[PDB]
Amino acid sequence: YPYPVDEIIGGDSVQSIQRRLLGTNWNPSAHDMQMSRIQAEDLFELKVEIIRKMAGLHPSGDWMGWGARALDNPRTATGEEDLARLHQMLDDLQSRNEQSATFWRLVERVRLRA
């Protein structure tokens with residue numbers, strides 16, 4: 001796995017995503033810790049790929065500092081985006097770059113440098 005669990009990219013880390021996945025489960029079993037860690041690693045790796053892509057497509061956006069917040073979903077239980085949806089977003093950016101709906105949606109969401 002390419003990232004230590006405490007390395008922060010775009011304002012998130014594996015550990016911070018795991019904490020969000022755990023939600024109100026303040027005393028999780030070892031089983032729930034394992035499950036949330038595996039899911040958090042998968043989400044983080046994908047988020048980083050999207051954030052790095054957007055950082056170049058959108059230099060005015062503070063992608064490396066705050067990009068993870070632009071990938072939240074207000075309609076999910078944890079606020080994390082669905083894994084398959086993140087894959088769809090990355091495919092859209094890889095296929096169509098700044099001509100994609102994903103590019104424009106993310107440009108509108110993200111905090112700017114200025």
# chains A, B, ... in the order shown; residues from 1 in each chain; ligands from 1

call {"tool": "residues_around", "arguments": {"residues": "segment 98-100 of chain A", "least_positions_apart": "4", "cutoff": "9 Å", "atoms": "only C-alpha atoms", "output": "list in words"}}
result
residues 54, 57, 58, 92, 93, 104 and 105 of chain A

call {"tool": "residues_around", "arguments": {"residues": "residue 9 of chain A", "least_positions_apart": "5", "cutoff": "8 Å", "atoms": "only C-alpha atoms", "output": "VMD selection string"}}
result
chain A and resid 48 64 to 65 68

call {"tool": "write_last_selection", "arguments": {"atoms": "N, CA and C atoms", "output": "tab-separated table (two decimals), in the first residue's frame"}}
result
chain	number	residue	atom	x	y	z
A	48	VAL	N	-6.91	9.93	-3.67
A	48	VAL	CA	-5.62	10.54	-4.00
A	48	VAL	C	-5.45	10.62	-5.51
A	64	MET	N	-4.50	19.78	-3.28
A	64	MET	CA	-3.62	19.07	-2.35
A	64	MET	C	-3.91	19.43	-0.89
A	65	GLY	N	-4.50	20.59	-0.62
A	65	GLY	CA	-4.80	20.94	0.75
A	65	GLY	C	-6.18	20.54	1.22
A	68	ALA	N	-9.94	16.47	-0.54
A	68	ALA	CA	-10.77	15.37	-0.05
A	68	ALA	C	-12.16	15.85	0.33

call {"tool": "closest_residue", "arguments": {"among": "A:33, A:28, A:76, A:42", "to": "residue 3 of chain A", "atoms": "only C-alpha atoms"}}
result
A:42

call {"tool": "residues_around", "arguments": {"residues": "residue 112 of chain A", "least_positions_apart": "2", "cutoff": "8 Å", "atoms": "only C-alpha atoms", "output": "CSV table (one decimal) with N, CA and C atoms, in the first residue's frame"}}
result
chain,number,residue,atom,x,y,z
A,60,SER,N,-6.1,26.5,-9.8
A,60,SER,CA,-6.7,27.5,-8.9
A,60,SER,C,-7.3,26.9,-7.7
A,61,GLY,N,-7.7,25.6,-7.8
A,61,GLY,CA,-8.3,24.9,-6.6
A,61,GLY,C,-7.2,24.4,-5.7
A,62,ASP,N,-7.5,24.4,-4.4
A,62,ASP,CA,-6.6,23.9,-3.4
A,62,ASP,C,-6.8,22.4,-3.2
A,110,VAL,N,-14.8,22.6,-4.7
A,110,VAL,CA,-13.5,22.7,-4.0
A,110,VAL,C,-13.2,24.1,-3.5
A,114,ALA,N,-7.3,31.1,-3.8
A,114,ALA,CA,-7.6,32.5,-3.7
A,114,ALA,C,-9.0,32.8,-4.2

call {"tool": "select_by_dssp", "arguments": {"residues": "segment 45-112 of chain A", "states": "helix (DSSP H, G or I)", "output": "ChimeraX atom specification"}}
result
/A:45-57,63-71,83-99,101-109

call {"tool": "closest_residue", "arguments": {"among": "A:101, A:67, A:5, A:50", "to": "residue 37 of chain A", "atoms": "only C-alpha atoms"}}
result
A:5

call {"tool": "closest_atom_pairs", "arguments": {"of": "segment 43-103 of chain A", "to": "segment 10-23 of chain A", "cutoff": "10 Å", "atoms": "only C-alpha atoms", "output": "CSV"}}
result
residue,atom,partner,partner_atom,distance
A:43,CA,A:17,CA,7.9
A:44,CA,A:14,CA,5.9
A:45,CA,A:14,CA,8.6
A:47,CA,A:10,CA,8.5
A:48,CA,A:10,CA,7.4
A:51,CA,A:10,CA,6.8
A:52,CA,A:10,CA,8.8
A:55,CA,A:10,CA,9.7
A:62,CA,A:10,CA,8.2
A:63,CA,A:10,CA,5.9
A:64,CA,A:10,CA,4.4
A:65,CA,A:10,CA,4.6
A:66,CA,A:10,CA,4.7
A:67,CA,A:10,CA,4.5
A:68,CA,A:10,CA,4.9
A:69,CA,A:11,CA,7.3
A:70,CA,A:10,CA,9.2
A:71,CA,A:10,CA,9.9
A:77,CA,A:23,CA,8.5
A:78,CA,A:21,CA,5.7
A:79,CA,A:20,CA,7.6
A:80,CA,A:21,CA,7.5

call {"tool": "write_last_selection", "arguments": {"atoms": "C-alpha atoms", "output": "PDB file, in the first residue's frame"}}
result
ATOM      1  CA  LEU A  43     -11.221   4.912  -0.569  1.00  0.00           C
ATOM      2  CA  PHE A  44      -8.041   6.859   0.189  1.00  0.00           C
ATOM      3  CA  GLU A  45      -6.052   5.439  -2.722  1.00  0.00           C
ATOM      4  CA  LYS A  47      -9.340   9.838  -3.622  1.00  0.00           C
ATOM      5  CA  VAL A  48      -5.622  10.538  -4.005  1.00  0.00           C
ATOM      6  CA  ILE A  51      -7.097  14.773  -6.164  1.00  0.00           C
ATOM      7  CA  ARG A  52      -3.781  14.576  -8.016  1.00  0.00           C
ATOM      8  CA  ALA A  55      -4.705  19.468  -8.923  1.00  0.00           C
ATOM      9  CA  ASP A  62      -6.555  23.915  -3.404  1.00  0.00           C
ATOM     10  CA  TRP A  63      -6.679  20.231  -4.299  1.00  0.00           C
ATOM     11  CA  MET A  64      -3.621  19.074  -2.348  1.00  0.00           C
ATOM     12  CA  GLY A  65      -4.798  20.942   0.753  1.00  0.00           C
ATOM     13  CA  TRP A  66      -8.578  20.510   0.733  1.00  0.00           C
ATOM     14  CA  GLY A  67      -9.458  18.220  -2.180  1.00  0.00           C
ATOM     15  CA  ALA A  68     -10.767  15.375  -0.046  1.00  0.00           C
ATOM     16  CA  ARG A  69     -13.614  17.599   1.177  1.00  0.00           C
ATOM     17  CA  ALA A  70     -14.740  18.049  -2.423  1.00  0.00           C
ATOM     18  CA  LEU A  71     -15.201  14.260  -2.632  1.00  0.00           C
ATOM     19  CA  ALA A  77     -24.514   7.644   6.142  1.00  0.00           C
ATOM     20  CA  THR A  78     -20.829   8.421   6.765  1.00  0.00           C
ATOM     21  CA  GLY A  79     -20.408  11.320   4.337  1.00  0.00           C
ATOM     22  CA  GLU A  80     -17.897   9.278   2.341  1.00  0.00           C
TER      23      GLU A  80
END

call {"tool": "atom_distance", "arguments": {"atom1": "atom CA of residue 86 of chain A", "atom2": "atom CA of residue 106 of chain A"}}
result
11.9 Å

call {"tool": "atom_distance", "arguments": {"atom1": "atom CA of residue 102 of chain A", "atom2": "atom CA of residue 82 of chain A"}}
result
14.9 Å
